[PDB]
Structure formats: structure tokens, C-alpha cells
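The structure under discussion appears below in the form of C-alpha cells.
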Amino acid sequence: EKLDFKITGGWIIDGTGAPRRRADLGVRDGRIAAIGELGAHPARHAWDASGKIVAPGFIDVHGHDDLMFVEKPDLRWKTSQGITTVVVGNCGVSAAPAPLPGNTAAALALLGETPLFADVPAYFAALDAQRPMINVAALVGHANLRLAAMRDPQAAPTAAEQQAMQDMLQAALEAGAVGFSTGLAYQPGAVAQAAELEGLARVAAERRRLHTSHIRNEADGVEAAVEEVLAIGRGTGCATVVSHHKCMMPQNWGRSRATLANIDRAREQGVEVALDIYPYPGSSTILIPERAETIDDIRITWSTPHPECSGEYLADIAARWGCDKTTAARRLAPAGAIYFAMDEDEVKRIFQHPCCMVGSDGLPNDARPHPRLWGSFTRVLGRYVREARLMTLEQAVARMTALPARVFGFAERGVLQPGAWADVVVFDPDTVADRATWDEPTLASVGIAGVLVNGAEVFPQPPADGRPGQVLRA
Ligand SMILES: [Zn+2]
């Protein structure tokens, strides 16, 4: 039977960690139909991967693209760096459920302006009707749960409200969500205590779903923050993921030796724990005035009242206005910024941890976004692998494909084997690299030759009509 697609002459890195091998890949009906010698096998479409690596499409485990499938459907920032699947709904904020009227959170800005969906069924229904460019898996945000269940999201939950959040989570999981996420460093999630988080974790654990977490603090209290989420995992048995693990500010550089040691103690005990990072020593999120005098070079990524300030340093803005930085930060609100506060050598060491995946944490609606939006995966392949030799290409690809599939429960994805979905990326190992910079954060990567999502090409030429992405219902 004729193949729908075939990629020949290249070297296959299947995601299992096994050594790259010279073989061709055949696709039919959206799945990998065969692997081996296909030179003379007829196919509707064919790519010459000579001198290239053929690997499973990359899985971005830390996306905030929840509302982009409707707002900016091209998702070019993902496809251009080899991403074929994204896990959205991170750091406590998700597309659904919708908050109670009048309930809001600054962190919701990490998603966009599109009105949130009533519930996961509605969100997934919207995605089925308007298929995404790439595959989409979704987490339900703890912030959403609180904002949807509590008349006063700043208080302690009543027994009924706690049960309401658990029931909302249960419904989301039954609908296909892969778990729930927390944003303990943000309001209103920060108000939550152990009992509240454990309750949700029990619901997730019972269904073998995840608890991903943007921990309480990633600076002076980073060790306590990691211990807090590990305690929840050890007590409930809920699989856990520590989002964009890092140590902010010089006095905290190196503390990942302690946090990773704690993570290791937890996984040795049987708790499923993983983590992820983006390959940059600067973070990016909402502008926090309390950091005005603790971190230098705070650079604005967006500002509703002062859009002219995107790309500018808080200190320069303050000096120009004749006020202090904290005051300037308050006048810029609501806004976002980049915080250059990590040690690149530490980011690299964290990535080397056996359970570390890659999460771009791109913020698609920012006027002047952090470059991780467009160059995370290719920066790992070019800077961390080819340049720094932190691990082999085979090992790195595994971190971007098979490991995420294992952690998030994606059957028939993340590996190049017959029968699995044909999410594939073809790239030149010697040239693959990010081009997005701090000044020009939207420059596309180089070295990515082609990308297939469920057997259909999305890069370099995206589909004219319906897109090939699927909602990955757990
Ligand atoms: Zn986060």
C-alpha cells in the first residue's frame, strides 16, 4: 500500500537513547508505517534527509499557549523550533475553567485577552472544531480552580469550596486533562495551604494524573519551595513535575545541588518526580514591584499603560520620570519583564539531571518577549549539546520526546517506532540552533528542515486548510 510520506537518507534518533542509525521512515494514515529501507517504496510525499537527523517531534512540556490556538493559530514559534506537541495550562493558569465574575489574577496575563472557557469540555470542543497546528495536552490551573470556586479567592477555602475545586478538577481529568498545575508564587494560589493542595493531589493521583508546579519561591526560599511540593507528592503518591527549575539571585546560585538531591530522595522512594528548564539565565513573567530594588536590569516585555516602554530597563524609565524604581514599576502596571538573575552554569547542571525535560515557557502575547518563545529547543541542541557537549544528541532528543511522553502519559508519541503517531522533526545536527535574541526575540531557528504532525507537514509549509494537531485527551 502506498505510503503517504517517506523521509529517506537520514539518520534516525528514535528517542529511546539508542545510537543514531541509518534508516528511512515511512508514514501512512498519520502513523509511522515502517522503518528501514524505503528508497524504492512509492509515497505521495517524500523528503531527502541526507545529512540530517530524523527524530520524534519535540514535546514542549511548559507552554502558556492555551488561548493561541484561537488567537494566533499559526503557532510558528513552535513549529519553527521542531515542536509537535505542547502541554498548556501551566503555573496555575489555564484556558478553563472560567473565573467567577469579578475574580481575576495578574498571572492570567500569561495567557492572553481571549475570554476563558467555561470548562475543559468546552475548551476541548473548541479545539476539536478548530484543530490546532500542533498536538495539545492540557493541565487545569489551580488559580482557575480557586477563582472559579471561591467568592473570595484570597481566603481559606471552606470544606464545600475545597470539595468544589476537587470536583472541578475531577471533571477536568475525566474530560482528558493531564493533571493540574500550581503557581504558588502568584495570587491567588499562594494563599493555599498543604491540605488544599493535597486534596487536589489525591484526586490527580487516584487517576494517575500530574501535579506540575511553579513553586512558591525560586530565590531565597527555593529549597523550602521544592520540599513543599515533594511533601505533597510523598504523602499522596501524585506524580510531580517541578516547572522551570532555577535558582534566582547570586546568593542562591548553586542551591540546585540541594533541591536536586531532595528530588532524588523522593524518586528513590518511588514518587514519580520530573522537572524542566528553558536554556536561559533570565526568567520572564509579570512585573513585580517588590523586585525593583533586588534585581538589576529588569527589562520590560510589555506594559498596558506604557506600551512605549517595552524593551526598556526599569532603572532607565525611573530615571527619566524622576521617581524611584518601585514607583515606576507601579505606574507601568499591568506589565511584564525579564529578570536576569540565574547562573547559566547552574541552568546547564539542572538540565543534566536525568529527569529534566525542556519547557520553553514562551509568552506569545508579549510585545517584546523573552527569546525562549522562539529558540528554546534549538538552543538546547545547538548551545547545550553541540557547543557545550552536556550530553549526546541521542540523550538530548530523549529528554525532548520519550521522557515527556513517559511523564505525561502520551501513548504512541515521543518515539519513532512503527505504530506510533507520525510527529517528526528533521534537522541538521551541525547547524541546528536558535536565532532569537534578547533584542530580536522572534527570529526563527536555523537547521530545522521539516516537521510533521500526525503525518502532515506543518513546517516549512503549513497546511492550507484544516490543521493536523490533535487534542491529547488523557
Ligand atoms: Zn511559571
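Label separation (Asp345 vs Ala367): 3.8 nm, computed from points 7 Å beyond Cα along the C-beta direction. With one equal scatterer per alpha carbon and no solvent term, the Debye-computed log10 I(q)/I(0) for segment 1-141 at 0.12, 0.18, 0.22 1/Å reads -0.62, -0.99, -1.25. Counting every other Cβ atom within 10 Å of each residue's Cβ, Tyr313, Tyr278, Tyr123 order from fewest to most as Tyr313, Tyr278, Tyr123. The C-alpha atoms of the chain define a longest principal axis, and helix 194-206 lies at about 20 degrees to it. Taking 32 Å as the limit for the C-alpha separation, the pairs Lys72/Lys325; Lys2/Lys72; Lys72/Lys246; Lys78/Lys348; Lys6/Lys246 exceed it in the case of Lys72/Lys325; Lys2/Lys72; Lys6/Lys246. Fully extending the segment from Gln193 to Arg22, taken as 0.36 nm per residue of separation minus the present Cα-Cα distance, adds 56.2 nm.
Could you sort 217-227, 457-467 so that the peptide with the highest average Cβ count within 10 Å comes first and the rest follow in order? Mind showing how you got there, number by number?
Values: 217-227: 19.3, 457-467: 14.9.
The most tightly packed comes first, giving 217-227, 457-467.
Where nothing but the Cβ of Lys and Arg (+1) and of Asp and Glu (-1) is charged, how large is the charge dipole of the chain around its Cα centre, in debye to the nearest 20? The partial results should precede the final answer.
Details: 46 positive and 56 negative charges, 157 e Å.
The dipole magnitude comes to about 760 debye.
With no solvent and one point on each alpha carbon, what is the Debye value of log10 I(q)/I(0) for the chain at q = 0.07, 0.10, 0.12 Å⁻¹? Listed by q, the Debye log ratios stand at -0.34, -0.70, -1.02.
Would you work out the relative contact order for the chain, in percent, from Cα pairs under 8 angstrom that are 6 or more residues apart?
On the way: 1197 pairs, mean separation 98.0, N = 474.
Value for the chain: 21 percent.
Considered as an equivalent ellipsoid built on the Cα gyration tensor, segment 262-369 has semi-axes of 34, 14, 12 Å, the largest given first. Couplings 3J(HN,Hα) of segment 26-39, computed from phi: x, 10, 8, 6, x, 10, 6, 8, 5, 9, x, 9, 10, x Hz, in residue order, whole Hz [Karplus 6.51 cos²θ - 1.76 cosθ + 1.60, θ = phi - 60°; x for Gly and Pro]. Within the chain, the longest run free of trypsin sites (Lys or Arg not before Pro) that sit in a DSSP loop with at most 12 other Cβ atoms within 10 Å is 152-388. Selection among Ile134, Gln154, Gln187 by position relative to the dipole of the chain gives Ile134 as farthest towards the positive end (Cβ unit charges, Cα centre).
Sequentially through segment 452-469, phi angles give Karplus couplings (6.51, -1.76, 1.60; θ = phi - 60°) of 10, 10, 6, x, 9, 5, 10, 8, x, 9, x, x, 6, 9, x, 8, x, x Hz, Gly and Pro residues having no value and appearing as x.
All of the numbers you see were taken from the coordinates with simple rules; none came from a lab. Note that each Cβ is placed from the backbone with ideal geometry, even for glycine, and that neighbours are counted across all protein chains shown.
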